[PDB]
Amino acid sequence: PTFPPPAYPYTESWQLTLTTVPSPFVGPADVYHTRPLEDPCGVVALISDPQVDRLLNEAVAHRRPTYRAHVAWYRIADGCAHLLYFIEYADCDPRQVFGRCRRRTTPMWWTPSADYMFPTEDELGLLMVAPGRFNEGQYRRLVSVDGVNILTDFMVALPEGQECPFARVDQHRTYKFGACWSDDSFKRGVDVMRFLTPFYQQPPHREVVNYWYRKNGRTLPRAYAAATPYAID
Amino acid sequence: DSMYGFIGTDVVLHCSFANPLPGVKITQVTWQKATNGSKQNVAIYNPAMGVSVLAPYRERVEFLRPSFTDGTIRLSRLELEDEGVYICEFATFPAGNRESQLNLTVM
């Protein structure tokens, strides 16, 4: 597997304007449900358009040459959130698809989950490869364009019974989901690189998850069915 | 691996990566302490953007020579609270995250 080149040119750094994780408790959130797994060794598609291109059309409407942005994912427990993902953008072109930015940070991941989860090609959805049952729970995505936030909650359900025989379950035993934070703690400031660690951009992240998956007999699906506003079964 | 250090003193923590096969790129090294229930990161090195040291270690932790053939930092002025497991996490391609561990005892 060759190391993927960047997609487009961009200056890559560890940080831009934000040194602390933005709060996910920043308003109500539209609820979606990931579609059920055919078999527990499959892939779960936390996918759902946040209709962020409107905010890109307005930036062209008001004639702003660039927009800034950031995306973050969270695991919601009880009154509090676990970190999962964060990435920041700067000088993005509103006339292009989301993410086409001259300045971006390396994604910051919670590494145990990075072993079998990785972003989609549009950078707005997540893919959960062959998950153990413990991955059940509520996942919140924060999309922010020019200070304006779009929250989505994804509820992930998996069959009781069968757990995929090669699911990554080792790190979880030891570290689990990591520290659980309240809106207070977010306000005080939860350092991005203290609790999240820099990783590969979406293309090389994909090749590593793909390389592990293959090594277990499976292969990444070509396309993924988005999440629904309702439960199935 | 087990290491021993004395208070007020300094210890040199090593990164124990074994044999990096052909043809894995080693992209990154992250130092991590297991505390309270999970990890938090202590310091990170990446030839791409260099070196970062995180609170509360901002004035006690420093890389020696920045490399994966090393991975070696210096803890200064040891404290009871430093005892514990230190993880050395390596971001390799295409193998993914590879880690090693050491127990520190402060006497």
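Reading guide: rules and limits
- Residues numbered from 1 in each chain as written, not as in the entry; some residues may be left out.
- Chains lettered and ligands numbered in written order.
- Heavy atoms only, no water.
- Residues with missing side-chain atoms left out of burial classes, pairs and counts.
- Helix = DSSP H or I, 4+ residues; strand = E, 2+ residues; numbered from the N terminus.
- Rg over C-alpha atoms; globule rule 2.2 N^0.38 Å.
- Contact = heavy atoms within 4.5 Å.
- Disulfide = S-S within 2.5 Å.
- UniProt positions renumbered as here; feature names shortened; annotations may be inferred.
- Buried < 20%, exposed > 50% of the residue type's maximum accessible area, 1.4 Å probe, protein only.
- Salt bridge = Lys/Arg side-chain N within 4 Å of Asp/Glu carboxyl O.
- Expected span 1.5 Å × (residues − 1).
- Pairing = 2+ DSSP bridges.
- Axes fitted to C-alpha atoms, helices over the stretch in contact; angles between N-to-C directions.
- Patch = residues over 30% accessible without salt bridge, like charges linked within 9 Å, V, L, I, M, F, W, Y side chains within 5 Å.
- Areas by Shrake-Rupley, 256 points an atom, 1.4 Å probe, with all protein chains shown as cover.
- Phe/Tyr/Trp six-rings, centres within 6.5 Å; stacked < 30°, edge-to-face > 60°.

### With respect to the overall build of chain A
So, point 1. Along its length, chain A carries six helices and 13 strands.
So, point 2. Relative to a compact globule of 233 residues, whose C-alpha radius of gyration would be 17 Å, chain A shows 17 Å and is just as compact.
So, point 3. The long-range fraction of contacts in chain A, counting pairs at least 24 apart against all pairs at least 6 apart in sequence, stands at 76%.

### So, the UniProt feature "disulfide bond" in chain B
Residue and element names in this part refer to chain B.
So, point 1. Of the disulfides listed in UniProt, the one linking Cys 15 with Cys 88 is reproduced by the coordinates, which place the two sulfurs 2.0 Å apart. Highlighted residues: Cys 15 in the loop between β2 (10–13) and β3 (25–35) and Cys 88 in strand β8 (residues 84–93), separated in sequence by 73 residues. In terms of burial, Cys 15 and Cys 88 fall into one category: buried.

### Quick look at the pattern of salt bridges
Residue and element names in this part refer to chain A.
So, point 1. Counting across every chain of the model gives 14 salt bridges over all chains.
So, point 2. The shortest N-O distance in the salt bridge between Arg 68 and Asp 146 comes to 3.4 Å. Of this pair, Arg 68 sits in strand β4 (residues 67–76) while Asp 146 sits in the loop between β10 (137–145) and β11 (148–156), and the two are 78 residues apart along the sequence.
So, point 3. Across the salt bridge formed by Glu 123 and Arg 104, the nearest N and O atoms sit 2.8 Å from each other.

### What about unusual backbone geometry?
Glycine aside, residues mostly have negative phi, and peptide bonds are mostly found in the trans state.
So, point 1. For the bond running from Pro 22 of chain B to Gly 23 of chain B, omega is 0°, close enough to zero to count as cis.
So, point 2. With respect to the helices and strands, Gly 23 of chain B occurs in the loop between β2 and β3.
So, point 3. The omega torsion of the bond from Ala 55 of chain B to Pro 56 of chain B falls at 5°, within 30 degrees of zero and hence cis.
So, point 4. Positionally, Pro 56 of chain B belongs in the loop between β5 (50–53) and β6 (61–63).
So, point 5. Phi at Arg 63 of chain A takes a positive value of approximately 65°, unusual for a residue other than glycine.
So, point 6. Along the polypeptide, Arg 63 of chain A turns up in the loop between α1 (53–61) and β4.

### Some remarks on helix α6 (residues 202–214) of chain A
So, point 1. Across its 13 residues, α6 of chain A extends 18 Å between first and last C-alpha, which sits within 8% of the 18 Å expected from 1.5 Å per residue.
So, point 2. The set of residues buried in α6 of chain A consists of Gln 202, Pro 204, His 205, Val 208, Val 209, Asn 210, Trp 212 and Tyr 213 of chain A.

### Notes on the sheet that holds strand β3 (residues 43–46) of chain A
Residues and elements named next belong to chain A.
So, point 1. Spatial ordering of the open sheet is given by β3-β9-β8, a layout of three strands whose pairing is antiparallel. On the outer flanks of this sheet lie β3 and β8 (117–119), each paired with one strand and no other. The sheet shows a mean angle of 20° between the axes of neighbouring strands, direction not considered.
So, point 2. Sitting on the sheet, α6 touches β3, β8 and β9 (126–129), and the angle it makes with β8 is about 150°.

### Digging into a nonpolar patch on the surface
So, point 1. A cluster of nonpolar side chains, namely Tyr 4, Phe 6, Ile 7, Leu 80 and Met 107 of chain B, defines an oily patch on the protein surface of about 580 Å² accessible area.
So, point 2. Inspection of the secondary structure assignment puts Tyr 4 of chain B in strand β1 (residues 2–5).

### A short note on the packing of aromatic side chains
In this description, a pair of aromatic rings is defined by centroid distance and the angle of the planes.
So, point 1. Counted under the stated rule, the structure contains 20 aromatic pairs over all chains.
So, point 2. Pairing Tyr 89 of chain A with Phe 98 of chain A gives two aromatic rings, centres 5.6 Å apart and planes at 70°, and the pair type is edge-to-face. Neither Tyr 89 of chain A nor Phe 98 of chain A differs from the other in exposure class; each is buried.
So, point 3. Ring centres 6.1 Å apart and planes at 85° place the aromatic pair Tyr 200 of chain A and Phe 93 of chain B in the edge-to-face group. Here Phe 93 of chain B lies in strand β8 and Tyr 200 of chain A lies in the loop between β13 (197–198) and α6, a pairing that spans two chains. With respect to class, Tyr 200 of chain A is no different from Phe 93 of chain B; both count as buried.
So, point 4. Put simply, the rings of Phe 3, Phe 199 and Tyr 200 of chain A together with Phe 93 of chain B pair up and form one aromatic cluster.

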